[PDB]
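Next comes just one chain, in structure tokens: the form deposited in one PDB entry.
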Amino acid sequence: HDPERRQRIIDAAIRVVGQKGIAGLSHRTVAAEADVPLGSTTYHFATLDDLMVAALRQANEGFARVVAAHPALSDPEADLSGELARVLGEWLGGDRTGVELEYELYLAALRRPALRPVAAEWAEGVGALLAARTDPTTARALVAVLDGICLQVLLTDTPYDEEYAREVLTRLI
């Protein structure tokens, strides 16, 4: 263990990615942005994948916090659809650097097998909140659809339509 030097490094990885993107993520630049010695970076994350895996892992940590601040998601007395659409609305609107950053790391799992189990983590922990309410097959669905709705906004560059989102989300539950 060496939490802080390690922790500073991860934060700088996230900072480097959001700024220059996955392409601008090397040990020298993380070392620089973290302002720690190059050897400390190669010591804690031998490979770049290790570093990305830890970064994404941390980005996921934040979704949980968001679910924690919005009790309606756990209140089996509230409209899951309308409530989810809303949270997404808030996440999507309000600095895409955080959004793009997290998504870039996540989508990176497509080619880098290392990131797949950490990608799967996100999903298994998100359907968790939906599976705790509805059945498991509807959870697996929601997590999937929900992803496609964000991607549809982030990729096509067409604004987020909360009502549409709530309707399509409703068709699954």
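Each residue number is its position in the shown sequence, starting from 1. Take the two forms, find the largest set of C-alpha atoms that superpose within 1.5 Å, and that set is the rigid core.
Stretches compared: 100-108, 60-68. Higher mean C-alpha B-factor in the entry: 60-68. Based on the entry's C-alpha B-factors, the most elevated value among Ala132, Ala46, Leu38, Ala114 belongs to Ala132. Ranked within its chain, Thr29 lands in the middle third, by CA B factor from the PDB record. The entry lists a Cα temperature factor for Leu142 that places it in the highest third of the chain's modelled residues. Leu51: CA B factor lies in the lowest third for its chain, per the PDB record.
In the deposited entry, the Cα temperature factor of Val126 places it in the highest third of its chain's modelled residues. Among all modelled residues in its chain, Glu163 ranks in the highest third by Cα B-factor.
Not on display, but discussed next: the form deposited in another entry.
After superposing the rigid core, the C-alpha of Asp35 moves by 2 Å or more between the shown form and the other one.
In the core-superposed comparison between the shown form and the other one, the C-alpha atom of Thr158 has shifted by less than 2 angstroms.
Once the rigid core is overlaid between the shown form and the other one, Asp50 counts among the residues whose Cα shifts by 2 Å or more.
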